[PDB]
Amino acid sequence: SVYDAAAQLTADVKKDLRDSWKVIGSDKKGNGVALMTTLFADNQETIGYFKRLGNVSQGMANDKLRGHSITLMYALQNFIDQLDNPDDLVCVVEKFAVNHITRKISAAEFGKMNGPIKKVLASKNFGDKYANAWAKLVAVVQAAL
């Protein structure tokens, strides 16, 4: 279950998530747009899903993309803040899962964000250990898809 996936997150994993978030979560606009542009650059097949945002190649200049990117970072902020209470983490994870289920995003497709997260983390010198920690958090959402 989602609860199982959440209850699994260990103290060391939570520590790595919080430590790396202190940095990448400190510039939500910059890193949020970086995540999205990287997704589109490495997984061009996903561009079609974001047609509401207009021309995503405009990057920061695209107000719809910018608004979406900043908001995406607050979803991550939400997750990070609920780490110590699996019950609360689960209910917010399911809320966002619905936002994606209605758009026909499968668990496998949702996992495509792992690549961009790994690259953004690396840009701030957070290595594989941190990328693996984030993949575990993403997997909690995947358990709901």
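A residue's number is simply how far along the shown sequence it sits, counting from 1.
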Given 135-143 and 1-9, the range whose Cα B-factors average higher in the PDB entry: 1-9
Greater mean Cα temperature factor according to the PDB record, 55-63 or 73-81: 55-63
Third of chain Cα B-factors occupied by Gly32: lowest
Position of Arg103 among the chain's modelled residues by C-alpha B-factor, lowest, middle or highest third: highest
Chain thirds of CA B-factor: placement of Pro86: highest
